[PDB]
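See below for the structure under consideration.
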Amino acid sequence: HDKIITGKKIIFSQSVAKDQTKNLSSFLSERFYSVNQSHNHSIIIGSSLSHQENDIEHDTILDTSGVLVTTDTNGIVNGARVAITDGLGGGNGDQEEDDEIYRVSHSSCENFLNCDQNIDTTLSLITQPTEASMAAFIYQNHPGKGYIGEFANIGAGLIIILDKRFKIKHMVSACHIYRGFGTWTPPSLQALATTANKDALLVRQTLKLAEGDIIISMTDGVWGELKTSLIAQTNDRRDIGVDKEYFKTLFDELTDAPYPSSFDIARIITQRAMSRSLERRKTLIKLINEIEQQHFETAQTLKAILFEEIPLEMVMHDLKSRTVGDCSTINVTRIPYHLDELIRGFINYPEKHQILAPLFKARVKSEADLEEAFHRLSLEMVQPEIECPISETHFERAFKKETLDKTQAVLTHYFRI
Ligand SMILES: [Mg+2]
Ligand SMILES: [Mg+2]
């Protein structure tokens with residue numbers, strides 16, 4: 001469809017003691033789902049959350065992600081609204097608490113998509129009559145200007161904008177506020193209407209976007225497992241994101257991938273994030289068993305966990321009773337090509353062939369550029385089921401090759417005239 005939003009998901013979360021013998025493949029397969037809109041927008045959603053020695057029977061995913069694809073008056077795709085939310089609190093083993101937190105997480109996301117206003121007006125309408133952080137954006141083609149993207153981040157979500165060669169252009173950074181007693185927690189969408197200092201909480205950027213730009217939104221469950229970087233710290237505020245050099249290396253794979261799906265991009269980041277998460281939790285329980293041998297290298301390992309006077313007994317209780325991981329969600333969007341979307345509309349809506357025919361002349365500089373457009377459309381893949389387990393993904397061609405070839409021949413003939 002044009003509108004897709006993740007549904008309430010309750011999974012069985014095995015303990016670290018059970019996951020400590022499992023490979024990455026098994027860990028991902030039991031914990032993550034693919035929610036697909038098209039080749040150019042996909043969601044991966046799941047939970048890496050685990051107790052050291054106890055299984056979590058009802059592990060409710062408190063993250064939501066959603067998209068509404070928008071069209072011009074002719075029905076040609078020209079924009080989208082995208083939101084990712086992280087419900088604050090929960091994961092304690094109370095279903096009533098998790099249900100309440102999920103309702104706010106989901107409605108926050110849903111309300112953002114259903115609003116038809118610019119981002120600043122949208123945030124005002126959905127923040128007036130349980131907390132959730134939100135990272136969200138609106139892009140739209142403005143005939144004179146091209147694509148303009150409005151970006152909003154409240155809390156510890158993260159948005160990264162790349163070009164078509166996976167060069168990092170912009171980052172809408174995560175935020176933590178100091179709460180006292182050495183603890184930093186993200187602001188919520190709901191906190192925005194309770195204070196005059198909306199800047200201190202709301203990160204806003206308005207950006208010109210190019211065709212084929214990649215926008216990645218992640219909850220801290222995904223990007224927090226990658227190598228992180230402190231961007232800035234004031235008195236009571238921290239600006240945090242991914243190490244840009246490390247994040248760039250994640251795409252080394254796709255360097256020669258002709259037109260990679262949003263799914264493939266999301267999968268690669270999710271795999272690396274959960275690899276580090278799985279190895280992190282392997283190390284912890286083995287270190288715990290290693291420092292139980294003491295009976296009161298490893299030093300740099302023990303140092304790395306704690307620092308990124310407390311009595312030994314308290315630390316061990318902490319490490320042995322600790323939950324690891326979190327609700328982990330990522331959405332990936334490709335900014336559409338003007339020519340590709342006009343061709344999509346021409347094929348899907350052959351009734352509107354007269355109205356669309358005049359628009360091709362402006363969007364076709366050469367036959368080479370037409371061939372480029374039909375090449376991208378040739379490579380588009382869709383998940384016939386909107387949702388399925390990440391390891392049970394089945395993808396088929398968006399178009400019949402024979403349909404694309406006949407349309408290209410017709411359009412090529414008319415260009416050559
Ligand atoms: Mg949360
Ligand atoms: Mg989170």
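Residue numbers run from 1 in the order of the sequence given.
- When atom types are taken as modelled, the side chain of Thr183 and the backbone of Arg179 share no donor-acceptor pair closer than 3.5 angstrom.
- When only modelled atom types and interatomic distance are considered, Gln95 and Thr60 share a side-chain donor-acceptor pair under 3.5 Å.
- The two atoms that bring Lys400 and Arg397 nearest to each other are C-NH2, 4.1 Å, heavy atoms only.
- Between the side chains of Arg272 and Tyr246, at least one donor-acceptor pair of N or O atoms lies under 3.5 Å.
- Side-chain atoms of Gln20 come within 3.5 Å of backbone atoms of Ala17 as a donor-acceptor pair (strictly under, hydrogens ignored).
- Defined by atom type and a distance below 3.5 Å, a donor-acceptor pair is missing between the side-chain atoms of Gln140 and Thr70.
- A donor-acceptor contact shorter than 3.5 Å is absent between the side chain of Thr121 and the backbone of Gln117.
- We find that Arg103 and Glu100 are joined by a salt bridge, their nearest charged nitrogen and carboxylate oxygen being less than 4.0 Å apart.
- Residue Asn114 holds its CG atom at 10.5 Å from OG1 of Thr122, rounded to the nearest 0.5 Å.
- With 3.5 Å as the limit, one finds no donor-acceptor pair spanning the side chains of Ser262 and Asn40.
- Within the 3.5 Å criterion, the main-chain N or O of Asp63 finds no donor-acceptor partner in the side chain of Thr85.
- In this structure, a donor-acceptor pair under 3.5 Å is absent between the side chains of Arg267 and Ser34.
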- Message: Between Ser261 and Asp264, is the side chain to side chain donor-acceptor pair (under 3.5 Å) condition met? List the steps.
- Response: CA-CA 5 Å; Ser261 66; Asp264 289 329; 3.1 Å; yes
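- Using modelled atom types, no side-chain atom of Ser105 and backbone atom of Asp86 make a donor-acceptor pair closer than 3.5 Å.
- In this structure, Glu290 does not pair ionically with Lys286, as no charged nitrogen and carboxylate oxygen lie closer than 4.0 Å.
- Here the side chains of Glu367 and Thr412 are in contact, with some heavy-atom distance below 4.5 Å.
- Outside the 6.0 Å centre-distance limit, the rings of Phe27 and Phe32 are not counted as a close aromatic pair.
- Contact check on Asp163 versus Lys169 returns no salt bridge, with no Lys/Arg side-chain nitrogen under 4.0 Å from an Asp/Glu carboxylate oxygen.
- For the 3.5 Å distance criterion, the side chains of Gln408 and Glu371 qualify, holding a donor opposite an acceptor.
- Of the possible donor and acceptor atoms, none in the side chain of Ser173 sits under 3.5 Å from a partner among the backbone N and O of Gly241.
- Side chains of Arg31 and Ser47: no donor on one and acceptor on the other come within 3.5 Å.
- Here the side chain of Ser133 pairs no donor or acceptor atom with the backbone of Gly155 at under 3.5 angstrom.
- Under the 3.5 Å distance criterion, with hydrogens and angles disregarded, a donor-acceptor pair is assigned to the side chains of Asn331 and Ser217.
- To the nearest 0.5 Å, the span separating NZ on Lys198 from CG on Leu123 amounts to 11.5 Å.
- No hydrogens or angles considered: a donor-acceptor pair under 3.5 Å links the side chains of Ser391 and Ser29.
- At distances below 3.5 Å, at least one donor-acceptor pair connects side-chain atoms of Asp72 with backbone N or O atoms of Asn74.
- The cationic atom of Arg334 (NZ for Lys, CZ for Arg) lies less than 6.0 Å from the six-membered ring centre of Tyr259 and within 45° of the ring axis.
- The two atoms that bring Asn36 and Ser42 nearest to each other are OD1-OG, 2.7 Å, heavy atoms only.
- Ion pairing between a basic and an acidic side chain is recognised when a charged N comes within 4.0 Å of a carboxylate O; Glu110 and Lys3 show such pairing.
- Side chain to side chain, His41 and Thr333 meet the donor-acceptor criterion of an N or O pair below 3.5 Å.
- Using a 4.0 Å cut-off between charged side-chain N and carboxylate O, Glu341 and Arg344 make a salt bridge.
- Here the closest non-hydrogen pair linking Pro260 and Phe166 is CG-CZ, 3.9 Å.
- Electrostatic pairing of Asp120 and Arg204 counts as a salt bridge here, judged by a charged N lying under 4.0 Å from a carboxylate O.
- Smallest separation of non-hydrogen atoms from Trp223 and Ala174: CZ2-CB, 3.3 Å.
- Remark: of the listed residues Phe112, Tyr147, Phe151, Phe151 is the sole one forming a ring-ring contact (aromatic ring centres under 6.0 Å, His included) with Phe137.
- Here the side chain of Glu211 pairs a donor or acceptor atom with the backbone of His338 at under 3.5 angstrom.
- Comment: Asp213 does not engage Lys164 in a salt bridge, judged by the lack of any side-chain N to carboxylate O separation of less than 4.0 angstrom.
- Note that CD1 of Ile11 and CG of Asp59 are 5.0 Å apart. Values are rounded to the nearest 0.5 Å.
- In summary, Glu53 and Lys320 engage in a salt bridge, as defined by a charged side-chain N under 4.0 Å from a carboxylate O.
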- Task: List the steps and the verdict of salt bridge (charged side-chain N to carboxylate O under 4.0 Å, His left out) for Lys9 and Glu387.
- Result: CA-CA 11 Å; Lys9 267 287 176 194; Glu387 179 187 289; 3.3 Å; yes
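- One N or O on the side chain of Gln52 and one on the backbone of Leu319 form a donor-acceptor pair closer than 3.5 Å.
- A salt bridge between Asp99 and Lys8 is present, with a side-chain N of the basic residue lying under 4.0 Å from a carboxylate O of the acidic one.
- Under the 6.0 Å distance and 45° angle rule, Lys244 does not count as a cation-pi partner of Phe247.
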- Query: How far apart are the C-alpha atoms of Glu225 and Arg280, what are their side-chain angles, what is the distance that settles it, and do they pass the salt bridge (charged side-chain N to carboxylate O under 4.0 Å, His left out) test?
  - Reply: CA-CA 9 Å; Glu225 295 288 3; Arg280 204 186 317 284; 2.8 Å; yes
